[PDB]
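Student: I'd like to ask some things about the structure below.
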Amino acid sequence: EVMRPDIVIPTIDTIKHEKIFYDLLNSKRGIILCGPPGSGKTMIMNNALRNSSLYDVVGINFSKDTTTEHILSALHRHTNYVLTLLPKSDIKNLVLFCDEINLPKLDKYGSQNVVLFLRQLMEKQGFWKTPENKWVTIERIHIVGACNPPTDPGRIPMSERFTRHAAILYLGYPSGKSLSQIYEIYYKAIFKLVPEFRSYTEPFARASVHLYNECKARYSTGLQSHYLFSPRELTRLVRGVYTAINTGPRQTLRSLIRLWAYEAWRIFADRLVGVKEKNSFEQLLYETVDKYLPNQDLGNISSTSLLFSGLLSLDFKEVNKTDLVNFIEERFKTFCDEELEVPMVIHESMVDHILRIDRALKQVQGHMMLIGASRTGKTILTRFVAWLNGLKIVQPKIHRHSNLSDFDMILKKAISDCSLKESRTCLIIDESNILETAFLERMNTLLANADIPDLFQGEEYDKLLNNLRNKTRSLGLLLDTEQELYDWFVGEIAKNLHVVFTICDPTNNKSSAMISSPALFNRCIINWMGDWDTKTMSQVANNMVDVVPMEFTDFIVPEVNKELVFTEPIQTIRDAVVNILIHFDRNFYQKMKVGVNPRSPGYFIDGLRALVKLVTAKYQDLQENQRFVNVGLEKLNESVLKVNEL
Amino acid sequence: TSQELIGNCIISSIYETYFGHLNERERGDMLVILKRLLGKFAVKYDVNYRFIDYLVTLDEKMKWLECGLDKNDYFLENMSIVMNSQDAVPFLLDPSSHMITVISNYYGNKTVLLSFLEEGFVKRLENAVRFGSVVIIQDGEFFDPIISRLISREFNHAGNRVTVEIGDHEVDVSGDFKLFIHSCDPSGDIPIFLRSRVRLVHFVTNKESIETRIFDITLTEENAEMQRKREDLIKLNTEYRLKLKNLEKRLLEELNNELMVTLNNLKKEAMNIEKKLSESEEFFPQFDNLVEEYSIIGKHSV
Amino acid sequence: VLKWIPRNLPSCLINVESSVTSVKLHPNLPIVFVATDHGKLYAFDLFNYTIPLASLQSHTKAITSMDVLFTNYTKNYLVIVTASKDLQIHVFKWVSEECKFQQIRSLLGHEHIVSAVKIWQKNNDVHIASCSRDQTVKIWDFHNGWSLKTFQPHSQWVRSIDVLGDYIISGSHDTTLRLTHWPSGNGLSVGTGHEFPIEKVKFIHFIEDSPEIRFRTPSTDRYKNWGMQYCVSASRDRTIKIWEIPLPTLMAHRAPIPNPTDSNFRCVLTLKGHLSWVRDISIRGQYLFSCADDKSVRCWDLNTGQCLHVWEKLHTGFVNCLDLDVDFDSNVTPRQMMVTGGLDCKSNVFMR
Amino acid sequence: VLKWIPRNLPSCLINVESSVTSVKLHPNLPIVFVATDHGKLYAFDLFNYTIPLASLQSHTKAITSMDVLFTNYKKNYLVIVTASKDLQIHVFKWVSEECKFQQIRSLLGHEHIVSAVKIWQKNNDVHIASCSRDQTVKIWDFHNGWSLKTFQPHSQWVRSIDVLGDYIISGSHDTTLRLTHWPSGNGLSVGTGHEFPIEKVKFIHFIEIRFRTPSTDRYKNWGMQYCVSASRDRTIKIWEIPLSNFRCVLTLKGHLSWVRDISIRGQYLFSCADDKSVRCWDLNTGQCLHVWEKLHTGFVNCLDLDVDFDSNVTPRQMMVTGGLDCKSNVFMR
Ligand SMILES: Nc1ncnc2c1ncn2[C@@H]1O[C@H](COP(=O)(O)OP(=O)(O)O)[C@@H](O)[C@H]1O
Ligand SMILES: Nc1ncnc2c1ncn2[C@@H]1O[C@H](COP(=O)(O)OP(=O)(O)O)[C@@H](O)[C@H]1O
Ligand SMILES: [Mg+2]
């Protein structure tokens with residue numbers, strides 16, 4: 001019961017907020033919840049409303065394209081037209097819950113429609129019907145809402161005439177003690193699976209809290225625009241630890257520490273960019289493990305030395321690096337034989353990225369946001385991993401002469417395939433696959449919620465409900481209400497649909513909107529693979545130049561500094577060639593003034609392939625020429641010997 | 001000449017895959033730093049290396065120059081880079097829009113002109129790929145992502161046939177098909193997916209090209225005797241080298257199965273090569289002095 | 001005699017230049033046939049395995065499947081049939097006087113790679129059946145050489161087939177099975193329950209007499225007249241599943257037609273325990289043998305459904321194929337030997 | 001098993017462009033690696049020998065000798081080392097999945113023509129030792145490519161070498177063959193008695209014969225009991241290394257011409273000479289068992305048989321010879 005998003009561990013802050021919430025709602029007064037994006041507004045409010053015998057809840061999520069027709073339809077399914085508008089329950093009141101009231105957009109003259117509608121309906125206690133023109137008095141329907149601060153982009157500053165009616169409550173981040181207690185409860189619930197380590201629930205929770213605090217204090221938003229942490233990261237750490245323990249083998253203490261460290265690597269440090277930042281995080285893990293888990297016989301906690309995967313066995317355990325590389329090589333050979341053929345070179349970084357993509361593609365409602373340079377191998381690795389997991393890859397064919405109709409019908413086809421035909425789908429979305437902000441809003445809708453509402457409406461809604469009833473009857477299930485059918489539909493979509501975002505230019509304004517979007521950031525798992533480092537370039541170059549004749553001249557080992565050699569210490573001509581190629585790639589990207597943009601390794605790969613072909617051709621020509629001159633010299637010597645003899 | 005094969009191959013491959021989108025001064029600076037890197041890691045290389053003198057043959061150079069290419073050596077090197085990009089689709093950036101007829105002359109009647117703004121672009125590109133004609137696409141700054149598979153060359157081999165997927169239907173790939181993408185805006189926005197996967201070649205005119213063109217004009221007009229003598233000596237050296245190799249092949253054919261007359265002819269050809277080398281050994285310093293003399297006019301021009 | 005279990009160590013280790021794909025066994029003589037990844041068909045002597053007894057390069061691409069048959073007319077000779085990614089099917093003839101391969105003919109008609117070939121004879125009429133990425137299960141003839149019947153039974157591309165008289169079962173890449181009546185081409189039923197593409201599908205034939213068998217004995221006279229009861233399939237979801245063939249509408253001296261109410265495969269027993277894609281399966285007596293990409297060969301049994309012996313680390317690489325002699329044929333002796341073939345360019349044999 | 005006697009007629013006759021200088025067998029495949037006189041390397045399939053499986057122009061002059069090895073460690077790949085007159089020891093690996101040759105490195109450093117090479121594997125390291133006509137024999141490293149040691153065993157050229165363990169025995173142009181340690185680099189014993197230069201001088205490893213079986217506990221602990229050397233004096237002589245001079249145990253006769261190469265197959269010894277004949281002389285009785293007449297038109301320069309003393313390499317019954325008539329006979333089973 002940690003996969004359930006509705007569970008709330010009762011602490012002093014939670015009961016305090018629930019008590020003031022009941023005091024405000026019973027006071028006939030709207031409530032606005034404001035705070036940081038991980039404070040816990042939604043879960044506190046849903047816990048307070050679900051566990052009440054006097055209030056029902058209505059779920060509404062605001063987007064930029066939101067009209068009052070959505071609110072009218074949401075109320076109409078929980079009220080009866082008898083004027084006077086009343087909730088269906090006679091004793092229990094009705095509460096209308098709005099998500100992120102900052103996100104509705106101003107019109108051409110600076111006025112959000114829905115907030116003015118809400119101010120009208122909780123100031124005059126009623127509203128005027130547009131097509132019939134009578135005043136529908138509302139007696140006991142309440143309005144609440146949550147919002148991020150208006151400082152960050154996407155959160156529009158809000159009119160005081162609307163907020164003057166609703167009481168404002170601020171929810172700060174919980175303190176260290178509260179987080180420690182909450183995650184102690186979570187870790188006790190996890191370690192109920194393995195009772196022999198039940199005495200370690202407190203140090204794991206304290207270590208996780210300390211790790212989150214240190215990561216929040218170290219990598220501020222001033223370094224990169226996406227270096228923001230929250231308790232949601234800790235909750236995802238707990239969920240990942242439970243998911244790995246549940247399907248894992250029999251565990252030891254060292255295995256548990258390494259598993260938790262791997263989860264910390266995959267959650268707290270896949271958004272990191274700089275190599276110095278990753279080294280600092282590795283030192284942070286070592287310090288945290290030494291401080292809170294004073295255990296010996298602990299191996300390397302580097303990024304490439306923690307390979308936890310379930311491809312090589314029936315259970316989620318640590319796998320040998322070389323065995324995993326051999327398995328990945330053979331699987332990629334089969335994949336290129338059956339699907340599109342790309343001559344890829346296997347290295348440690350690609351293996352690690354395959355592991356983390358596979359980890360994030362096996363989660364329920366697990367989505368990815370791959371950020372890195374072009375030609376780093378994001379689309380091909382995503383296709384390979386989705387082929388490994390049995391998902392079906394859907395790549396939107398979006399070209400220049402395309403509009404919302406083609407993208408929307410592609411989305412509808414994918415959703416219908418997921419629901420009716422019950423086929424898992426990995427939707428790969430590129431930054432060039434979107435063209436306008438409307439596609440971005442469609443992705444926000446599909447990712448924040450489990451459905452896109454306006455795709456199916458009217459005749460489409462009716463045929464969707466008919467198909468849902470047909471599928472439910474064919475599966476031998478009995479669902480009658482349209483709410484139950486819609487819940488089954490959104491559950492099937494959240495189970496059978498994964499969205500992977502491919503971003504090539506993170507400094508672009510469109511990609512900045514993609515990264516800073518609230519629904520995309522709070523749901524996707526960022527995997528900033530970035531540009532290639534020296535070790536990966538060395539491995540690729542050594543795997544590429546080993547198939548060409550290169551060592552055929554005398555070589556003397558050059559004296560050089562230790563920091564100028566990226567490969568193994570120089571012993572032959574091949575290591576020298578690799579060092580020169582990497583050094584020139586670095587110098588070329590330095591003198592081209594890339595700034596801080598990611599450096600595509602496409603030039604390096606093209607240069608390596610051209611060098612291999614050219615060296616092969618030139619060596620063959622040189623060997624032919626040398627054989628020609630030596631056979632001519634031998635014939636000349638034979639002729640002069642025959643002349644001398646005769 | 002075998003001790004420096006690897007260095008020359010490295011320089012040529014890097015020159016192809018890196019220097020296609022640089023002007024003359026940047027090309028010189030990065031060539032100098034590449035030579036410094038080669039000398040720091042103790043890898044030998046040819047001291048007087050020239051890209052055209054190593055990878056551009058005389059027949060290819062004459063074929064390119066007779067097709068309409070400019071006499072500039074920069075355009076010769078860029079043309080060689082374009083024709084040596086066998087794996088990736090070359091992206092010709094010609095603001096003057098001059099090279100469409102150049103490539104059309106090179107490939108004759110097989111050249112088919114398309115554009116990214118045509119209403120029937122995709123079906124005629126599919127027809128061209130089926131027939132295998134050489135394709136030139138204009139206005140590359142409006143790259144339609146329908147041919148993203150053709151840019152990335154992500155084919156699947158269906159037995160004896162190579163297959164690419166364009167649109168919603170399957171189309172075969174002919175072995176002789178080639179793709180050239182032409183653009184005319186130096187300030188246009190090339191998509192990063194297209195930019196990282198093409199051989200970006202800049203056929204532009206810059207201040208370094210101004211320097212080179214002023215020197216070319218003053219060489220071809222102020223003293224045409226030196227330039228004509230250089231061209232004549234290069235042509236006769238190439239012809240005598242080909243004749244010498246043919247004579248050596250004939251001599252070994254005779255020796256395997258008059259002979260003294262053939263030996264005398266070979267000796268005369270070798271003496272002619274020696275005389276030509278001796279004559280040309282006292283000609284490059286003269287061009288060096290002319291380079292050192294006509295610099296102030298170039299600085300004034302820039 | 002049917003309770004034989006291979007020893008913990010291989011009897012002989014056979015070395016081949018490239019990756020071994022399909023391995024069969026000569027029914028009469030102790031000769032191992034190994035088809036590699038160059039298409040180079042081999043033939044080894046079991047007691048003298050240092051050098052191949054014969055070898056031949058027919059296809060220029062990788063052989064994907066293979067099956068053999070010793071003719072029983074009413075002269076007799078073995079008929080090796082090999083198929084490759086070079087789109088053709090080549091039929092061979094094994095001559096023992098010269099101890100060399102002797103290709104008799106070849107078959108064409110597939111416009112993509114072919115992944116499985118099974119050869120059988122009914123009554124003095126040998127037929128060759130195959131399935132490709134064309135999704136077409138074409139049927140050839142051994143004597144005439146012309147194709148007889150073709151059909152497309154799957155949306156995706158069919159991977160493996162099996163034959164029993166007039167009924168052909170065929171798994172496919174669309175992770176579903178389907179039994180099709182061969183003479184009429186009418187798909188009798190379908191089957192679902194696999195989450196990954198199917199690797200091998202074959203019938204679990206009956207045994208004339210046995211002490212206790214559950215999966216190779218008819219439950220009623222209807223199954224006795226039908227001639228088969230169950231089927232076994234192995235796919236890439238690490239699971240071997242046993243199905244039951246549902247009875248369709250039948251008429252005397254008439255083609256069968258599907259039963260809309262009783263035309264679905266029924267999963268009886270599922271067998272888990274393999275650590276990767278179960279590549280090949282084989283049934284001898286009460287024991288069902290299988291191999292996977294876990295570099296291991298397992299020995300299930302049908303009467304109770306759990307593994308008895310696990311041959312872990314049998315190959316340094318993946319394991320690709322097995323072959324055991326047919327136990328339900330009077331003309332084929334079920335001698336005690338089992339042969340495996342791996343991706344590590346080797347082929348272990350267990351004898352005695 | 002190890003008592004294989006080849007038949008009186010050839011099974012296959014591989015036809016090359018020029019005279020064949022050195023031949024080696026694939027330790028676990030039916031593939032022969034014949035070396036031409038133009039530096040070209042030809043690999044043939046023993047069941048289809050009409051066309052060469054792969055051909056590569058390695059050197060520019062004639063190949064003098066070559067030896068192969070299957071690595072046992074990191075994938076296990078076969079290594080081919082060839083030496084020629086260009087003072088270069090080229091190293092190749094044979095990718096079986098594509099049946100083509102691939103070049104790793106060229107071992108350089110010799111100032112004169114090389115004569116022979118020998119490849120052996122340590123626990124995890126592979127070494128190369130080659131002897132040149134510059135009166136020096138060097139020990140190489142396969143991966144590193146550097147020179148491990150350089151020792152002069154004699155004052156004249158060296159035409160044959162073999163290394164067993166840490167001890168290497170070389171047969172110089174002078175009749176005084178000497179045995180020297182690899183890491184120590186100090187000669188221990190010398191032996192004379194030949195009337196001409198030594199063409200092949202290799203160890204006789206212990207197997208389970210007259211000289212293979214150790215006679216004393218000290219010799220069994222040392223591992224080396226006897227070595228068989230062939231000189232140009234038309235005789236074959238078997239030595240005995242002391243555990244300060246190398247004695248002689250026997251001296252086989254009957255060679256019409258100079259003996260080029262020898263090969264011990266268990267209890268039987270097979271050799272080829274320049275007299276266009278190959279004789280299988282029993283190592284115990286010292287008498288020739290069967291002699292092949294008119295095997296080749298030219299003079300046989302190389303005879304190759306599978307290694308019998310190695311546990312890794314299967315001692316199969318495949319023996320082939322290489323003559324000077326631009327052909328190579330194959331004996332199978
Ligand atoms: N008292 C608590 N008990 C359990 N989980 C908590 C508590 N406080 C915060 N969290 C975690 O913090 C996260 C806040 O998520 P959410 O409420 O969706 O963010 P927002 O308030 O911005 O919508 C939740 O994932 C939850 O797991
Ligand atoms: N070992 C490797 N790792 C990553 N990329 C590689 C490797 N080898 C080649 N590549 C390049 O990666 C390209 C495919 O990557 P792709 O996923 O299409 O890039 P993008 O993520 O920008 O779409 C190929 O064109 C190839 O040139
Ligand atoms: Mg929130």
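How things are named: the first chain in the structure tokens is A, the next is B, and so on; residues count from 1 in each chain; ligands count from 1 in the order shown.
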Residues within 6 Å of ligand 2 (only C-alpha atoms and all ligand atoms), as a list in words?
Tutor: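 Written in the requested form, the residues are residues 344, 345, 346, 374, 375, 376, 377, 378, 379 and 380 of chain A.
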Student: Write to file, as a compact mmCIF listing (two decimals), in the first residue's frame, the residues of the selection just made, with N, CA, C and O atoms.
Tutor:
# COMPACT_ATOMS: atom_id res chain seq x y z
N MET A 344 25.28 0.21 -34.37
CA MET A 344 25.60 0.84 -33.10
C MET A 344 26.79 0.16 -32.44
O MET A 344 27.09 -1.01 -32.68
N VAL A 345 27.47 0.92 -31.58
CA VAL A 345 28.63 0.44 -30.83
C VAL A 345 28.26 0.44 -29.36
O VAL A 345 27.85 1.47 -28.81
N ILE A 346 28.40 -0.72 -28.71
CA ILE A 346 27.97 -0.87 -27.32
C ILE A 346 29.07 -0.36 -26.40
O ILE A 346 30.23 -0.76 -26.52
N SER A 374 22.19 15.87 -30.06
CA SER A 374 21.75 15.11 -31.21
C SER A 374 22.74 13.98 -31.51
O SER A 374 23.93 14.08 -31.20
N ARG A 375 22.22 12.90 -32.09
CA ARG A 375 22.97 11.71 -32.46
C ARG A 375 23.63 11.03 -31.26
O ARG A 375 24.60 10.29 -31.41
N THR A 376 23.11 11.27 -30.05
CA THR A 376 23.58 10.58 -28.86
C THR A 376 22.94 9.20 -28.72
O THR A 376 23.46 8.35 -27.99
N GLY A 377 21.87 8.93 -29.47
CA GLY A 377 21.24 7.63 -29.42
C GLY A 377 20.08 7.56 -28.45
O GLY A 377 20.06 6.71 -27.56
N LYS A 378 19.12 8.46 -28.59
CA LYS A 378 17.93 8.47 -27.75
C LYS A 378 16.76 7.72 -28.39
O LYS A 378 16.16 6.86 -27.75
N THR A 379 16.44 8.05 -29.64
CA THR A 379 15.33 7.38 -30.32
C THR A 379 15.61 5.90 -30.52
O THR A 379 14.73 5.06 -30.32
N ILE A 380 16.85 5.56 -30.90
CA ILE A 380 17.16 4.16 -31.17
C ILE A 380 17.17 3.34 -29.88
O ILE A 380 16.68 2.21 -29.85
Student: Can you pull out every residue within 8 Å of residue 310 in chain C, counting only C-alpha atoms, but drop anything in the same chain fewer than 5 positions away, and send it as a list in words?
Tutor: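 Selected residues are residues 296, 297, 298 and 299 of chain C.
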Student: Let me see if you get this right: every residue at most 9 Å from ligand 1, counting only C-alpha atoms and all ligand atoms, written as an MDAnalysis selection string.
Tutor: chainID A and resid 5:14 33:46 99:100 146:148 171 173:174 178:179 181:183 186 230:236 522
Student: I'd like the neighbourhood of residue 125 in chain A as a ChimeraX atom specification, where a residue qualifies if any of its atoms comes within 8 Å (using only C-alpha atoms), though same-chain residues fewer than 5 positions away should be ignored.
Tutor: /A:120,137-139
Student: Could you save those same residues with C-alpha atoms as a PDB file, in the first residue's frame?
Tutor:
ATOM      1  CA  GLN A 120     -19.645  35.295  -9.724  1.00  0.00           C
ATOM      2  CA  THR A 137     -29.381  30.041  -7.243  1.00  0.00           C
ATOM      3  CA  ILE A 138     -26.786  27.753  -5.641  1.00  0.00           C
ATOM      4  CA  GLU A 139     -27.254  26.982  -1.949  1.00  0.00           C
TER       5      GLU A 139
END
Student: When DSSP is applied to the backbone of this structure, which of range 115-236 of chain B are assigned helix (DSSP H, G or I)? Write them out as a PyMOL selection string.
Tutor: chain B and resi 121-131+140-142+145-152+192-195+207-222+224-236
Student: Using only C-alpha atoms, find the residues of chain B whose closest atom to chain A is at most 9 Å away, then write them as a PyMOL selection string.
Tutor: chain B and resi 2-7+9-18+26+30+33-34+37-38+40-43+85+87-88+142-146+153-157+167-168+191-193+196-197+248+252+255-256
Student: Please dump the current selection as a PDB file, in the first residue's frame; keep C-alpha atoms.
Tutor:
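Contents of again30.pdb, freshly written:
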ATOM      1  CA  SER B   2      54.514   4.743 -45.821  1.00  0.00           C
ATOM      2  CA  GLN B   3      55.661   6.211 -42.499  1.00  0.00           C
ATOM      3  CA  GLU B   4      53.074   9.015 -42.800  1.00  0.00           C
ATOM      4  CA  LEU B   5      50.029   7.165 -44.160  1.00  0.00           C
ATOM      5  CA  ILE B   6      48.094   7.318 -40.889  1.00  0.00           C
ATOM      6  CA  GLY B   7      48.694  11.029 -40.333  1.00  0.00           C
ATOM      7  CA  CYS B   9      44.521   9.723 -43.580  1.00  0.00           C
ATOM      8  CA  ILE B  10      43.600  11.302 -40.232  1.00  0.00           C
ATOM      9  CA  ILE B  11      44.006  14.819 -41.638  1.00  0.00           C
ATOM     10  CA  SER B  12      41.939  14.013 -44.737  1.00  0.00           C
ATOM     11  CA  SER B  13      39.118  12.352 -42.776  1.00  0.00           C
ATOM     12  CA  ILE B  14      38.964  15.213 -40.270  1.00  0.00           C
ATOM     13  CA  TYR B  15      39.087  17.729 -43.129  1.00  0.00           C
ATOM     14  CA  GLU B  16      36.109  16.014 -44.758  1.00  0.00           C
ATOM     15  CA  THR B  17      33.948  15.595 -41.675  1.00  0.00           C
ATOM     16  CA  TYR B  18      34.751  18.839 -39.832  1.00  0.00           C
ATOM     17  CA  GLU B  26      39.098  29.060 -39.495  1.00  0.00           C
ATOM     18  CA  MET B  30      42.070  24.319 -37.095  1.00  0.00           C
ATOM     19  CA  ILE B  33      46.017  23.000 -34.261  1.00  0.00           C
ATOM     20  CA  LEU B  34      45.416  19.536 -35.766  1.00  0.00           C
ATOM     21  CA  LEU B  37      48.118  17.666 -32.023  1.00  0.00           C
ATOM     22  CA  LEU B  38      49.654  15.231 -34.519  1.00  0.00           C
ATOM     23  CA  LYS B  40      52.464  16.318 -29.861  1.00  0.00           C
ATOM     24  CA  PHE B  41      51.337  12.673 -29.877  1.00  0.00           C
ATOM     25  CA  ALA B  42      54.315  11.626 -32.059  1.00  0.00           C
ATOM     26  CA  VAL B  43      52.364  10.686 -35.187  1.00  0.00           C
ATOM     27  CA  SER B  85      30.392  12.342 -48.710  1.00  0.00           C
ATOM     28  CA  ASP B  87      27.594   7.949 -46.464  1.00  0.00           C
ATOM     29  CA  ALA B  88      25.781  11.177 -45.502  1.00  0.00           C
ATOM     30  CA  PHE B 142      12.213  24.427 -45.144  1.00  0.00           C
ATOM     31  CA  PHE B 143      13.144  20.770 -44.632  1.00  0.00           C
ATOM     32  CA  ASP B 144      10.002  18.640 -44.617  1.00  0.00           C
ATOM     33  CA  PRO B 145      10.459  15.844 -42.039  1.00  0.00           C
ATOM     34  CA  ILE B 146       8.788  13.225 -44.243  1.00  0.00           C
ATOM     35  CA  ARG B 153      19.378   6.054 -43.810  1.00  0.00           C
ATOM     36  CA  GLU B 154      17.349   3.846 -41.437  1.00  0.00           C
ATOM     37  CA  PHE B 155      16.612   1.056 -43.903  1.00  0.00           C
ATOM     38  CA  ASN B 156      15.441  -2.511 -43.341  1.00  0.00           C
ATOM     39  CA  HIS B 157      16.780  -5.131 -45.748  1.00  0.00           C
ATOM     40  CA  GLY B 167       4.798   8.389 -45.592  1.00  0.00           C
ATOM     41  CA  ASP B 168       2.339   5.580 -44.939  1.00  0.00           C
ATOM     42  CA  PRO B 191      16.740  21.890 -38.019  1.00  0.00           C
ATOM     43  CA  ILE B 192      19.166  20.247 -35.611  1.00  0.00           C
ATOM     44  CA  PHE B 193      18.050  16.740 -36.607  1.00  0.00           C
ATOM     45  CA  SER B 196      23.718  16.890 -37.344  1.00  0.00           C
ATOM     46  CA  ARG B 197      23.235  14.208 -40.031  1.00  0.00           C
ATOM     47  CA  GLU B 248      56.973   0.352 -66.530  1.00  0.00           C
ATOM     48  CA  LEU B 252      57.499  -5.848 -66.836  1.00  0.00           C
ATOM     49  CA  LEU B 255      60.323  -9.182 -69.095  1.00  0.00           C
ATOM     50  CA  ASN B 256      57.732 -11.681 -67.837  1.00  0.00           C
TER      51      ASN B 256
END
Student: Return the neighbours of chain B among the residues of chain C, cut-off 8 Å, counting only C-alpha atoms, as a PyMOL selection string.
Tutor: chain C and resi 85-87+111-113
Student: Figure out the distance between CA of residue 429 in chain A and CA of residue 403 in chain A, please, to one decimal in Å.
Tutor: 15.6 Å
Student: Please return, as a ChimeraX atom specification, all residues of chain C lying within 12 Å of chain A when only C-alpha atoms are considered.
Tutor: /C:19,62,85,112-113,115,133,157,159,173-175,194-197,235-239,272-277,292-295,316-318,343-344
Student: Mind checking which residues fall within 9 Å of range 206-213 of chain D, counting only C-alpha atoms, ignoring those fewer than 3 positions away in the same chain, and posting them as a ChimeraX atom specification?
Tutor: /D:220,223-227,238,240,249,266-268,283-285,308-309
Student: Contacts of residue 35 in chain D at 6 Å or less, counting only C-alpha atoms, minus same-chain residues fewer than 2 places along, as a JSON list (two decimals) with N, CA, C and O atoms, in the first residue's frame?
Tutor:
[["chain", "number", "residue", "atom", "x", "y", "z"],
["D", 20, "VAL", "N", 54.40, -22.98, -52.07],
["D", 20, "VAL", "CA", 53.93, -22.83, -50.70],
["D", 20, "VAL", "C", 55.11, -22.96, -49.75],
["D", 20, "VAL", "O", 55.88, -23.92, -49.82],
["D", 21, "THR", "N", 55.25, -21.99, -48.85],
["D", 21, "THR", "CA", 56.39, -21.92, -47.95],
["D", 21, "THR", "C", 56.11, -22.49, -46.57],
["D", 21, "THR", "O", 56.95, -23.20, -46.02],
["D", 22, "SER", "N", 54.95, -22.19, -45.98],
["D", 22, "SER", "CA", 54.63, -22.68, -44.65],
["D", 22, "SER", "C", 53.13, -22.92, -44.55],
["D", 22, "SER", "O", 52.33, -22.16, -45.12],
["D", 41, "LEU", "N", 48.50, -14.72, -48.33],
["D", 41, "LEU", "CA", 48.03, -15.73, -47.38],
["D", 41, "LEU", "C", 46.69, -16.27, -47.86],
["D", 41, "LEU", "O", 45.74, -15.50, -48.03]]
Student: How many Å separate CA of residue 150 in chain B from CA of residue 128 in chain B?
Tutor: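 We find that CA of residue 150 in chain B and CA of residue 128 in chain B lie 12.7 Å from each other.
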Student: May I ask for the distance between CA of residue 370 in chain A and CA of residue 247 in chain A, given in Å to one decimal place?
Tutor: 26.3 Å
Student: Residues of chain D within 10 Å of chain C, using only C-alpha atoms, as an NGL selection string?
Tutor: :D and (28-31 or 45-48 or 95-99 or 314-318 or 332-333)
